[PDB]
Amino acid sequence: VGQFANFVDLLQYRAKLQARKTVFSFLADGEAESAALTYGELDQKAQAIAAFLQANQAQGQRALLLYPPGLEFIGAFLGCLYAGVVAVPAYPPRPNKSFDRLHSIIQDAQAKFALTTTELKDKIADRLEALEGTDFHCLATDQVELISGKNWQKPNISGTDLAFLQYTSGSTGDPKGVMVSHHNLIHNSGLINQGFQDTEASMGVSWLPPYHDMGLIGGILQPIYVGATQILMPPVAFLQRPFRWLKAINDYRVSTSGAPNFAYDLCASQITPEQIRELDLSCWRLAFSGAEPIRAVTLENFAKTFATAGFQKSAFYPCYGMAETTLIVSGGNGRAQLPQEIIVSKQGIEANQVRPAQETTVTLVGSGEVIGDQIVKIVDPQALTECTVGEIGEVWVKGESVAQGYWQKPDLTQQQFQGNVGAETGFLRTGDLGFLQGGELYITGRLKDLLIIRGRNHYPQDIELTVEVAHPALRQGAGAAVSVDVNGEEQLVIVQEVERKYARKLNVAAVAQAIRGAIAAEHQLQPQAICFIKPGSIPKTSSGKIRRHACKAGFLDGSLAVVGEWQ
Ligand SMILES: Nc1ncnc2c1ncn2[C@@H]1O[C@H](COP(=O)(O)O)[C@@H](O)[C@H]1O
Ligand SMILES: [Mg+2]
């Protein structure tokens, strides 16, 4: 299996070797099973959709995938791989919402197709024609007769061929289309398997959205890569009842599952003690966390809350990656049992230095060891000189999982994918800040969101965490710290949602005062302004990540949903 050059050859092999083994079971409500596919049926379905795509002249073209989470999305995605159609997964449109994000992906990808379900096609086909013209074709894939797979013409696929476009979330700017090759997919799956060490006997569960790297490469393709069985549920099933994720782990004796940091906080806060009595989590051997800062207190709160259910903190598997690196770059605790943590000087961090406090301290969790044959360097982002040990700079990645570039952005591709430092060339510039310590990669934040105020660096996630706990009226996870120019000087602005229960009785002056006090004590900063906004209204990506740059744009133009302001 490690001799396959692409996922088409690999799925065809599993379809022969494990034809009747279930590959995916879908729990539509996160509880009761509602559909399933064997390896044999998955391959037959992919061939039938492939043949349907080729007859419709999609080969060599870009095609949006507009599906609910479920098995139809998976068939359409592999169907694109089988047919040679450049798939473009995206969040489906939702009722009473604008198609701005979808049109823009369509515009950027220069896509001539949208692949979807029969139900969705009937609601969006005429709107897509209004936006995209008559030469755009919206096709339904869920009613393709399986016999049509007999007409599939298997393309000559080499590793260097483009497999699909993975669009970034839009956190720091417009979503950019990452050109992911067939070889990227194979190489990274091997890297994931080096770190997780799953086998055919592994069992997984995932609630992650299938449209983006973690849920796609990890939740869909890695089970196929190792020959395992994967249980799936929609993200909305877990977010509305977090117990279902941990109950599924218990019921199927899942060995491998994971999620971003906030999901472990959600489980710790929303699962009752009696619900914990129903869990046996001693089988949960690898609990991965990535896609966001890994917080030491989150790990500890989760480990303590679920200790009586048999969760061991040594199962935590921190990891780091991005769409531009296909998925994973680093993961694991190295030789230690628990995730490595360091206690360093906060003021040092603000000055790009890693050192003990000799001042206040911050605790940072490492995001793993670099996996496999890839190379990671920490580089000064202006001088392009390699940092020495103890110095924070930009994370640069060189390896076979580094994507081919950004779709139709030749200037930006050259800037970010052709990084030169010292006598080195060909590095990917991640746009993340961090450092190396003890073989672990630590990530401190995003370069594009970094705040430089009064001659000092400040990480906005640090300020946002200080603000959200300053008063009961502020909703956790729904704030942004940005800087704005005031007479040529950068100054801090806070955009923060208030809770629904406090929106009608909000004492703006008292809560603003609490926020100013928290920021002064922890960060020695004075906000230029505090903007209180309605619950649910902060600029976010489809996955729910805050768009800090759009918070700044809305503050400066007066388009936020304001309930109160301090200035
Ligand atoms: N372990 C981690 N620690 C901190 N930030 C992370 C981590 N993993 C991923 N991220 C963030 O998520 C970004 C990639 O997002 P995406 O391309 O959507 O996977 C990275 O560039 C980081 O900014
Ligand atoms: Mg990014």
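In this chain, residues are counted from 1 in sequence order. Both counts, for ligands and for their atoms, begin at 1 and track the order of listing. The analysis underlying the following values was restricted to heavy atoms, covering all of them including side chains, and did not include hydrogens, waters or symmetry mates.
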(message) Are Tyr67 and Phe77, when compared by the centres of their aromatic rings, separated by less than 6.0 Å?
(response) no
(request) Say whether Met322, considering both its backbone and side-chain N or O atoms, lies within less than 3.5 Å of an N or O atom on ligand 1. (result) no
(request) May I ask you to list the atoms of ligand 1 that are less than 4.0 angstrom from any heavy atom of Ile443? (result) 3 (N), 4 (C)
(message) Any nitrogen or oxygen of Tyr320, side chain or backbone, less than 3.5 Å from one on ligand 1?
(response) no
(message) Counting only heavy atoms, tell me which of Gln461, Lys545, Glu292 gets closest to atom 6 (C) of ligand 1.
(response) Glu292
(message) Less than 6.0 angstrom separating the ring centers of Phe417 and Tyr406, yes or no?
(response) yes
(message) Is there a polar contact, in the sense of an N or O pair closer than 3.5 Å, between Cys319 and ligand 1?
(response) yes
(message) Test of understanding: given a 4.0 Å heavy-atom threshold, classify the contact between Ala323 and ligand 1 as side chain, backbone, both, or neither.
(response) both
(message) Looking only at protein heavy atoms, which one is nearest to atom 22 (C) of ligand 1, and what is the separation?
(response) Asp432 OD1, 3.4 Å
(message) Less than 4.0 angstrom from a charged side-chain N to a carboxylate O is my criterion; do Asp265 and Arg295 meet it?
(response) yes
(request) Indicate, as side chain, backbone, both or neither, the part of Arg446 found under 4.0 angstrom from ligand 1 when only non-hydrogen atoms are considered. (result) side chain
(message) To check your reading of the model: name the closest protein heavy atom to atom 16 (P) of ligand 1, its residue, and the distance in Å.
(response) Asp213 OD2, 3.6 Å
(message) Between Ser171 and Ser169, is there a side-chain donor-acceptor contact under 3.5 Å, judged purely by atom types and distance?
(response) no
(request) Look only at interatomic distance and state if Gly290 has a nitrogen or oxygen under 3.5 Å from any nitrogen or oxygen of ligand 1. (result) no
(request) Give a yes or no on whether a salt bridge exists between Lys409 and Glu324, defined as a side-chain N under 4.0 angstrom from a carboxylate O. (result) no
(message) Just to confirm my output: which protein heavy-atom neighbour is closest to atom 11 (C) of ligand 1, and how far is it?
(response) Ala291 O, 3.8 Å
(message) Distance under 4.0 Å to a non-hydrogen atom of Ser169: what atoms of ligand 1 satisfy this?
(response) 18 (O)
(request) Report yes or no: does a heavy atom of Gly321 sit under 4.0 Å from some atom of ligand 1? (result) yes
(message) Counting C-beta onward and ignoring hydrogens, is there a side-chain heavy-atom pair between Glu391 and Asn352 closer than 4.5 Å?
(response) no
(message) Under a 3.5 Å threshold, yes or no: a donor from one side chain and an acceptor from the other, between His523 and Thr466?
(response) yes
(message) Looking at ligand 1, is there an atom of it that comes within less than 4.0 Å of some heavy atom belonging to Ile294?
(response) yes
(request) Please state whether the rings of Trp207 and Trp245 are parallel, tilted or perpendicular, taking 30° and 60° as the class boundaries. (result) perpendicular
(request) State the atoms of ligand 1, each with its element, that fall below the 4.0 Å cut-off from a heavy-atom position in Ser367. (result) 1 (N), 2 (C), 3 (N)
(message) I'd like to know if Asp198 and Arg285 make a salt bridge, using a cut-off of under 4.0 Å between side-chain N and carboxylate O.
(response) yes
(request) Please say whether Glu324 places an N or O atom under 3.5 Å from an N or O atom belonging to ligand 1. (result) no
(message) Could you check whether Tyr264 and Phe302 have their ring centres less than 6.0 Å apart?
(response) yes
